[PDB]
file work-v1.txt (compact mmCIF, C-alpha atoms)
# COMPACT_ATOMS: atom_id res chain seq x y z
CA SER I 2 -29.23 -0.87 -19.39
CA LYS I 3 -27.94 0.63 -22.65
CA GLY I 4 -28.60 4.21 -21.53
CA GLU I 5 -25.05 5.48 -22.03
CA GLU I 6 -25.40 4.63 -25.74
CA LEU I 7 -27.60 7.73 -26.12
CA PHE I 8 -24.72 10.06 -25.12
CA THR I 9 -22.23 9.04 -27.83
CA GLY I 10 -22.78 12.23 -29.84
CA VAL I 11 -23.97 15.78 -29.19
CA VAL I 12 -27.47 15.97 -27.72
CA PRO I 13 -29.78 19.02 -27.70
CA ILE I 14 -30.78 20.23 -24.24
CA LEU I 15 -33.91 22.00 -23.03
CA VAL I 16 -34.22 23.57 -19.58
CA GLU I 17 -37.41 25.13 -18.18
CA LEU I 18 -37.63 26.47 -14.62
CA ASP I 19 -40.57 27.95 -12.69
CA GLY I 20 -39.41 29.80 -9.60
CA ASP I 21 -40.91 31.59 -6.59
CA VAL I 22 -38.60 33.20 -4.02
CA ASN I 23 -40.34 35.08 -1.19
CA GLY I 24 -43.37 35.49 -3.44
CA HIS I 25 -41.26 36.91 -6.28
CA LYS I 26 -42.12 34.66 -9.23
CA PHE I 27 -40.11 34.07 -12.42
CA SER I 28 -39.43 31.65 -15.26
CA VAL I 29 -36.21 30.72 -17.09
CA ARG I 30 -35.90 28.92 -20.43
CA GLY I 31 -32.58 27.50 -21.55
CA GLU I 32 -31.46 25.74 -24.70
CA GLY I 33 -28.19 24.35 -26.02
CA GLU I 34 -26.40 21.02 -26.23
CA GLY I 35 -24.24 18.61 -24.29
CA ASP I 36 -21.27 16.46 -25.31
CA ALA I 37 -20.78 13.77 -22.66
CA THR I 38 -17.76 12.26 -24.42
CA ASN I 39 -16.01 15.49 -23.40
CA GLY I 40 -18.25 16.34 -20.44
CA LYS I 41 -19.07 19.71 -21.99
CA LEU I 42 -22.27 21.75 -21.70
CA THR I 43 -23.03 24.94 -23.65
CA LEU I 44 -26.31 26.70 -22.91
CA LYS I 45 -27.99 30.10 -23.10
CA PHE I 46 -30.64 30.84 -20.45
CA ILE I 47 -33.33 33.53 -20.69
CA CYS I 48 -35.51 34.94 -17.91
CA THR I 49 -38.78 34.97 -19.81
CA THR I 50 -40.72 36.94 -17.16
CA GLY I 51 -38.42 39.96 -17.28
CA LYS I 52 -35.91 40.68 -14.54
CA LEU I 53 -34.52 37.75 -12.60
CA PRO I 54 -35.09 38.36 -8.86
CA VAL I 55 -32.12 36.22 -7.71
CA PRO I 56 -28.52 36.31 -8.97
CA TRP I 57 -27.89 34.06 -11.94
CA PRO I 58 -25.06 32.14 -10.14
CA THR I 59 -27.42 30.95 -7.41
CA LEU I 60 -29.27 28.96 -10.10
CA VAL I 61 -26.31 27.34 -11.94
CA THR I 62 -26.44 24.06 -9.99
CA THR I 63 -30.23 23.88 -10.37
CA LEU I 64 -30.25 24.51 -14.12
CA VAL I 68 -28.06 17.68 -16.21
CA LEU I 69 -25.32 15.51 -14.70
CA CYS I 70 -25.95 12.78 -17.29
CA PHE I 71 -23.47 14.76 -19.44
CA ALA I 72 -20.57 14.17 -17.05
CA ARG I 73 -17.55 12.40 -18.52
CA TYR I 74 -17.02 9.15 -16.66
CA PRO I 75 -13.56 7.65 -17.30
CA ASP I 76 -13.46 4.17 -18.80
CA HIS I 77 -12.30 2.63 -15.52
CA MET I 78 -15.49 4.10 -13.93
CA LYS I 79 -18.28 3.46 -16.47
CA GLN I 80 -19.88 1.10 -13.93
CA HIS I 81 -20.56 4.03 -11.56
CA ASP I 82 -22.61 6.27 -13.89
CA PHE I 83 -26.05 6.34 -12.28
CA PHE I 84 -27.34 9.26 -14.35
CA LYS I 85 -26.87 7.66 -17.77
CA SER I 86 -28.09 4.25 -16.58
CA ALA I 87 -31.57 5.60 -15.84
CA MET I 88 -31.95 7.02 -19.34
CA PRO I 89 -34.15 7.56 -21.23
CA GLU I 90 -36.66 6.85 -18.46
CA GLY I 91 -34.99 9.58 -16.41
CA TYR I 92 -34.44 10.44 -12.78
CA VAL I 93 -35.79 12.91 -10.27
CA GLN I 94 -33.34 15.38 -8.77
CA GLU I 95 -34.31 17.12 -5.53
CA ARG I 96 -32.27 19.57 -3.50
CA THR I 97 -32.46 21.95 -0.61
CA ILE I 98 -29.90 24.72 -0.87
CA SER I 99 -29.30 26.62 2.36
CA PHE I 100 -27.58 29.98 2.00
CA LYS I 101 -26.21 30.47 5.49
CA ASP I 102 -27.40 33.62 7.28
CA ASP I 103 -30.23 33.76 4.72
CA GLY I 104 -33.02 31.81 3.03
CA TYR I 105 -33.08 28.44 1.31
CA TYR I 106 -34.14 26.97 -2.05
CA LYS I 107 -36.13 23.78 -2.47
CA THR I 108 -35.96 22.25 -5.94
CA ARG I 109 -37.56 19.26 -7.62
CA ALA I 110 -36.55 18.45 -11.20
CA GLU I 111 -37.20 15.73 -13.76
CA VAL I 112 -34.31 14.84 -16.09
CA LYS I 113 -35.39 12.67 -19.02
CA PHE I 114 -35.66 12.41 -22.79
CA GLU I 115 -38.55 13.88 -24.78
CA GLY I 116 -38.07 12.81 -28.36
CA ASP I 117 -34.43 13.49 -29.20
CA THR I 118 -33.92 16.29 -26.64
CA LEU I 119 -32.62 15.94 -23.08
CA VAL I 120 -35.00 17.95 -20.84
CA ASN I 121 -34.46 19.42 -17.35
CA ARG I 122 -37.79 20.59 -15.90
CA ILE I 123 -37.53 22.21 -12.48
CA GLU I 124 -39.79 23.67 -9.82
CA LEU I 125 -38.04 25.94 -7.33
CA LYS I 126 -39.33 27.51 -4.12
CA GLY I 127 -37.29 30.07 -2.16
CA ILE I 128 -38.19 30.78 1.46
CA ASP I 129 -37.10 33.07 4.31
CA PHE I 130 -34.68 35.21 2.30
CA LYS I 131 -33.61 38.65 3.51
CA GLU I 132 -34.91 41.28 1.09
CA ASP I 133 -31.73 43.32 1.68
CA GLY I 134 -29.41 40.28 1.63
CA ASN I 135 -26.90 39.01 -0.90
CA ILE I 136 -29.51 36.99 -2.83
CA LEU I 137 -32.56 39.25 -3.14
CA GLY I 138 -30.22 42.27 -3.00
CA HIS I 139 -28.12 41.14 -5.99
CA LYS I 140 -24.77 41.37 -4.18
CA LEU I 141 -23.01 38.35 -5.76
CA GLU I 142 -20.39 38.58 -8.49
CA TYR I 143 -21.23 37.24 -11.95
CA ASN I 144 -18.76 34.36 -11.85
CA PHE I 145 -18.44 30.81 -10.55
CA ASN I 146 -15.71 28.73 -8.93
CA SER I 147 -14.62 25.18 -9.62
CA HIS I 148 -16.04 22.64 -7.18
CA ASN I 149 -15.93 18.95 -6.32
CA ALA I 150 -19.21 17.17 -5.57
CA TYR I 151 -18.77 13.95 -3.59
CA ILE I 152 -21.28 11.23 -4.48
CA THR I 153 -22.38 8.26 -2.37
CA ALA I 154 -24.97 5.61 -3.18
CA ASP I 155 -28.19 5.27 -1.16
CA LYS I 156 -29.09 1.60 -1.44
CA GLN I 157 -32.43 1.91 0.39
CA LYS I 158 -33.78 4.44 -2.15
CA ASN I 159 -32.34 2.91 -5.39
CA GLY I 160 -30.35 6.04 -6.21
CA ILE I 161 -27.65 8.42 -5.01
CA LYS I 162 -27.16 11.40 -2.71
CA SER I 163 -24.56 14.14 -2.44
CA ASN I 164 -23.45 17.01 -0.23
CA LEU I 165 -21.59 19.97 -1.70
CA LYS I 166 -20.59 23.44 -0.52
CA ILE I 167 -20.84 26.03 -3.29
CA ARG I 168 -18.98 29.29 -2.57
CA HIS I 169 -20.34 32.42 -4.23
CA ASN I 170 -18.04 35.45 -4.29
CA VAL I 171 -19.69 38.57 -2.80
CA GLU I 172 -19.11 42.05 -4.23
CA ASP I 173 -17.56 43.19 -0.93
CA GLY I 174 -14.85 40.50 -1.14
CA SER I 175 -16.47 38.05 1.29
CA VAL I 176 -18.01 34.72 0.26
CA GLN I 177 -21.58 33.45 0.55
CA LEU I 178 -21.87 29.71 1.18
CA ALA I 179 -24.72 27.71 -0.35
CA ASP I 180 -25.05 24.36 1.39
CA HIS I 181 -26.42 21.79 -1.07
CA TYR I 182 -28.10 18.51 -0.14
CA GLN I 183 -29.19 16.35 -3.05
CA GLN I 184 -31.00 13.09 -3.73
CA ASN I 185 -31.70 11.33 -7.01
CA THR I 186 -34.08 8.46 -7.77
CA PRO I 187 -34.93 6.89 -11.14
CA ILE I 188 -38.23 7.50 -12.88
CA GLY I 189 -38.53 4.15 -14.64
CA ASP I 190 -38.00 0.61 -13.37
CA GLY I 191 -35.02 -0.47 -15.50
CA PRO I 192 -31.75 -1.64 -13.95
CA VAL I 193 -29.77 1.29 -12.54
CA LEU I 194 -26.11 1.42 -11.53
CA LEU I 195 -25.39 2.32 -7.92
CA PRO I 196 -21.84 3.60 -7.59
CA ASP I 197 -19.23 3.65 -4.86
CA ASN I 198 -17.87 6.72 -3.08
CA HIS I 199 -16.46 9.10 -5.70
CA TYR I 200 -16.87 12.69 -6.82
CA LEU I 201 -17.64 14.98 -9.74
CA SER I 202 -15.22 17.76 -10.69
CA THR I 203 -16.89 20.80 -12.23
CA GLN I 204 -15.82 24.03 -13.90
CA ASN I 205 -18.04 26.83 -15.21
CA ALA I 206 -17.55 29.92 -17.38
CA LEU I 207 -20.38 32.48 -17.21
CA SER I 208 -20.66 35.13 -19.91
CA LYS I 209 -23.08 37.45 -21.73
CA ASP I 210 -24.36 37.64 -25.31
CA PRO I 211 -23.97 41.18 -26.73
CA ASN I 212 -27.00 41.05 -29.06
CA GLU I 213 -29.34 39.88 -26.26
CA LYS I 214 -31.50 42.49 -24.53
CA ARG I 215 -33.39 40.19 -22.16
CA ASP I 216 -31.93 39.18 -18.79
CA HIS I 217 -29.89 36.08 -19.55
CA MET I 218 -26.81 33.96 -18.85
CA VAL I 219 -24.46 32.21 -21.29
CA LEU I 220 -22.98 29.14 -19.65
CA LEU I 221 -20.12 26.80 -20.49
CA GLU I 222 -19.61 23.89 -18.09
CA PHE I 223 -17.27 20.88 -17.79
CA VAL I 224 -18.13 17.89 -15.57
CA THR I 225 -15.72 14.96 -15.16
CA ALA I 226 -16.01 12.00 -12.78
CA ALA I 227 -13.00 11.08 -10.63
CA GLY I 228 -12.12 9.54 -7.25
CA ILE I 229 -11.92 5.79 -7.95
CA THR I 230 -8.40 4.37 -7.86
CA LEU I 231 -6.94 3.09 -11.11
CA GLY I 232 -4.69 0.08 -10.63
CA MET I 233 -4.04 -3.32 -12.18
CA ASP I 234 -6.34 -3.62 -15.23
call {"tool": "encode", "arguments": {"input": "work-v1.txt", "output": "C-alpha cells"}}
result
Amino acid sequence: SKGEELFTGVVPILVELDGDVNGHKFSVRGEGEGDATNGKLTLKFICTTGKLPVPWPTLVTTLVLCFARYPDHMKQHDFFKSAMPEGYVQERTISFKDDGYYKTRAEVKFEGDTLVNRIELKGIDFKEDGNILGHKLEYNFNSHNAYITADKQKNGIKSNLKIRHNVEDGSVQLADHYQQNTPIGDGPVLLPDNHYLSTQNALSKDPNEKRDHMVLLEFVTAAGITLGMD
C-alpha cells in the first residue's frame, strides 16, 4: 500500500454531515485543507439549514484522522493512510452521560483530488432542557489523548476516548466515545499495536460570516510506541 504517498503535500478537505437529534434535523458543510506532514487541519464549517440545534463542540470529533502526523519510528502503525484512497468507514456511538447519545456512520475516502468525510448522525433520548439541546456548553475544546488498539477479527481498529466538554456553570459534561474503523477497499491495510493519538483544537469565529458556523484549527500527532535502538 502506497496510500501515505497521497499525504505528502496539502490536500483539500470536504465535510458534509446530515444530522437528526430528537427529530431536530440539520446539515453542516465544511471545507478547508489538511497537512499531514505537520498533522494540521484548518476548516470552516457552516450549518446550511440555519441554526445548529446542538453545540458546535459536540460535533468536533465527528467532523479525518488520516491527517495525523505519525512519527517515522511509527509509520508502520498508520491504518488510516494505508486504506487510502479506497477509504475506511468510521462508526461511533457517543454517550453523553445523564443525557442522550449520538450514533454516527461516516465514509472517509478520496473523490478526485479532495479528501471527503461524509457522515450520517442520529441523536436519541436527549433532554430538551439539558446541556446539549439547551446550548449550555462553552465554545472551546480541550486537548485529549485517544488510545488506539487493533481489532484483528474485523481488519481494522477500535478506540475508546472520554471527551470532556466544559459547561457554562463550571461543571464538565462527559461524552463517552466508542469507535470502530474498517476499510472500504480490499487492499493491504496496516494493523497497529497499542498506541494513542494526541489532539489539540482551537475553535474560533469568522467576523464576516453571518450564518451559524465554526472555524476550526486542529493538530493530531501519533505517539505511544517506545523509541529505542534503531
call {"tool": "closest_residue", "arguments": {"input": "work-v1.txt", "among": "I:101, I:169, I:30, I:214", "to": "residue I:147", "atoms": "all atoms listed in the file"}}
result
I:169
call {"tool": "atom_distance", "arguments": {"input": "work-v1.txt", "atom1": "atom CA of residue I:213", "atom2": "atom CA of residue I:57"}}
result
15.5 Å
call {"tool": "closest_residue", "arguments": {"input": "work-v1.txt", "among": "I:87, I:219, I:137, I:68", "to": "residue I:192", "atoms": "all atoms listed in the file"}}
result
I:87
call {"tool": "closest_residue", "arguments": {"input": "work-v1.txt", "among": "I:175, I:150, I:21, I:204", "to": "residue I:128", "atoms": "only C-alpha atoms"}}
result
I:21
call {"tool": "atom_distance", "arguments": {"input": "work-v1.txt", "atom1": "atom CA of residue I:141", "atom2": "atom CA of residue I:56"}}
result
6.7 Å
call {"tool": "atom_distance", "arguments": {"input": "work-v1.txt", "atom1": "atom CA of residue I:17", "atom2": "atom CA of residue I:122"}}
result
5.1 Å
call {"tool": "closest_residue", "arguments": {"input": "work-v1.txt", "among": "I:119, I:152, I:165, I:78", "to": "residue I:11", "atoms": "only C-alpha atoms"}}
result
I:119
call {"tool": "residues_near_point", "arguments": {"input": "work-v1.txt", "point": "(-31.2, 42.0, -7.0)", "cutoff": "6 Å", "atoms": "all atoms listed in the file", "output": "list in words"}}
result
residues 54, 55, 137, 138 and 139 of chain I
call {"tool": "write_last_selection", "arguments": {"input": "work-v1.txt", "atoms": "C-alpha atoms", "output": "PDB file, in the frame of the given file"}}
result
ATOM      1  CA  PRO I  54     -35.090  38.360  -8.860  1.00  0.00           C
ATOM      2  CA  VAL I  55     -32.120  36.220  -7.710  1.00  0.00           C
ATOM      3  CA  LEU I 137     -32.560  39.250  -3.140  1.00  0.00           C
ATOM      4  CA  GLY I 138     -30.220  42.270  -3.000  1.00  0.00           C
ATOM      5  CA  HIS I 139     -28.120  41.140  -5.990  1.00  0.00           C
TER       6      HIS I 139
END
call {"tool": "residues_around", "arguments": {"input": "work-v1.txt", "residues": "stretch 198-203 of chain I", "least_positions_apart": "5", "cutoff": "12 Å", "atoms": "all atoms listed in the file", "output": "PyMOL selection string"}}
result
chain I and resi 40-42+61-62+69-75+78+80-83+145-155+161-165+167+221-230
call {"tool": "residues_around", "arguments": {"input": "work-v1.txt", "residues": "residue I:118", "least_positions_apart": "6", "cutoff": "9 Å", "atoms": "all atoms listed in the file", "output": "ChimeraX atom specification"}}
result
/I:12-15,34
call {"tool": "write_last_selection", "arguments": {"input": "work-v1.txt", "atoms": "C-alpha atoms", "output": "CSV table (one decimal), keeping the file's coordinate frame"}}
result
chain,number,residue,atom,x,y,z
I,12,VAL,CA,-27.5,16.0,-27.7
I,13,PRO,CA,-29.8,19.0,-27.7
I,14,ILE,CA,-30.8,20.2,-24.2
I,15,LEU,CA,-33.9,22.0,-23.0
I,34,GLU,CA,-26.4,21.0,-26.2
call {"tool": "residues_around", "arguments": {"input": "work-v1.txt", "residues": "residue I:46", "least_positions_apart": "3", "cutoff": "9 Å", "atoms": "only C-alpha atoms", "output": "VMD selection string"}}
result
chain I and resid 16 29 to 33 64 216 to 220
call {"tool": "closest_residue", "arguments": {"input": "work-v1.txt", "among": "I:179, I:47, I:37, I:193", "to": "residue I:209", "atoms": "only C-alpha atoms"}}
result
I:47
call {"tool": "closest_residue", "arguments": {"input": "work-v1.txt", "among": "I:9, I:28, I:144, I:185", "to": "residue I:93", "atoms": "all atoms listed in the file"}}
result
I:185
call {"tool": "build_atoms", "arguments": {"input": "work-v1.txt", "residues": "stretch 109-122 of chain I", "atoms": "N, CA and C atoms", "output": "PDB file, in the coordinates of the input"}}
result
ATOM      1  N   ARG I 109     -37.212  20.600  -7.171  1.00  0.00           N
ATOM      2  CA  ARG I 109     -37.560  19.260  -7.620  1.00  0.00           C
ATOM      3  C   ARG I 109     -37.586  19.275  -9.135  1.00  0.00           C
ATOM      4  N   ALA I 110     -36.712  18.474  -9.756  1.00  0.00           N
ATOM      5  CA  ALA I 110     -36.550  18.450 -11.200  1.00  0.00           C
ATOM      6  C   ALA I 110     -36.720  17.046 -11.756  1.00  0.00           C
ATOM      7  N   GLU I 111     -37.154  16.976 -13.011  1.00  0.00           N
ATOM      8  CA  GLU I 111     -37.200  15.730 -13.760  1.00  0.00           C
ATOM      9  C   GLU I 111     -36.251  15.835 -14.951  1.00  0.00           C
ATOM     10  N   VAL I 112     -35.333  14.875 -15.055  1.00  0.00           N
ATOM     11  CA  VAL I 112     -34.310  14.840 -16.090  1.00  0.00           C
ATOM     12  C   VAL I 112     -34.577  13.600 -16.942  1.00  0.00           C
ATOM     13  N   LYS I 113     -34.991  13.799 -18.185  1.00  0.00           N
ATOM     14  CA  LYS I 113     -35.390  12.670 -19.020  1.00  0.00           C
ATOM     15  C   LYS I 113     -35.417  13.123 -20.466  1.00  0.00           C
ATOM     16  N   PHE I 114     -35.586  12.151 -21.358  1.00  0.00           N
ATOM     17  CA  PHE I 114     -35.660  12.410 -22.790  1.00  0.00           C
ATOM     18  C   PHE I 114     -37.095  12.659 -23.221  1.00  0.00           C
ATOM     19  N   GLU I 115     -37.263  13.602 -24.142  1.00  0.00           N
ATOM     20  CA  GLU I 115     -38.550  13.880 -24.780  1.00  0.00           C
ATOM     21  C   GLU I 115     -38.264  13.967 -26.270  1.00  0.00           C
ATOM     22  N   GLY I 116     -38.538  12.886 -26.989  1.00  0.00           N
ATOM     23  CA  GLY I 116     -38.070  12.810 -28.360  1.00  0.00           C
ATOM     24  C   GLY I 116     -36.565  12.674 -28.342  1.00  0.00           C
ATOM     25  N   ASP I 117     -35.885  13.518 -29.118  1.00  0.00           N
ATOM     26  CA  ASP I 117     -34.430  13.490 -29.200  1.00  0.00           C
ATOM     27  C   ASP I 117     -33.744  14.416 -28.200  1.00  0.00           C
ATOM     28  N   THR I 118     -34.493  15.252 -27.490  1.00  0.00           N
ATOM     29  CA  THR I 118     -33.920  16.290 -26.640  1.00  0.00           C
ATOM     30  C   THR I 118     -33.876  15.841 -25.182  1.00  0.00           C
ATOM     31  N   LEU I 119     -32.760  16.146 -24.515  1.00  0.00           N
ATOM     32  CA  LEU I 119     -32.620  15.940 -23.080  1.00  0.00           C
ATOM     33  C   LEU I 119     -33.209  17.147 -22.330  1.00  0.00           C
ATOM     34  N   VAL I 120     -34.172  16.896 -21.438  1.00  0.00           N
ATOM     35  CA  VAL I 120     -35.000  17.950 -20.840  1.00  0.00           C
ATOM     36  C   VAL I 120     -34.776  17.982 -19.330  1.00  0.00           C
ATOM     37  N   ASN I 121     -34.566  19.185 -18.792  1.00  0.00           N
ATOM     38  CA  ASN I 121     -34.460  19.420 -17.350  1.00  0.00           C
ATOM     39  C   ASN I 121     -35.589  20.362 -16.958  1.00  0.00           C
ATOM     40  N   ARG I 122     -36.599  19.831 -16.273  1.00  0.00           N
ATOM     41  CA  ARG I 122     -37.790  20.590 -15.900  1.00  0.00           C
ATOM     42  C   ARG I 122     -37.831  20.718 -14.390  1.00  0.00           C
TER      43      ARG I 122
END
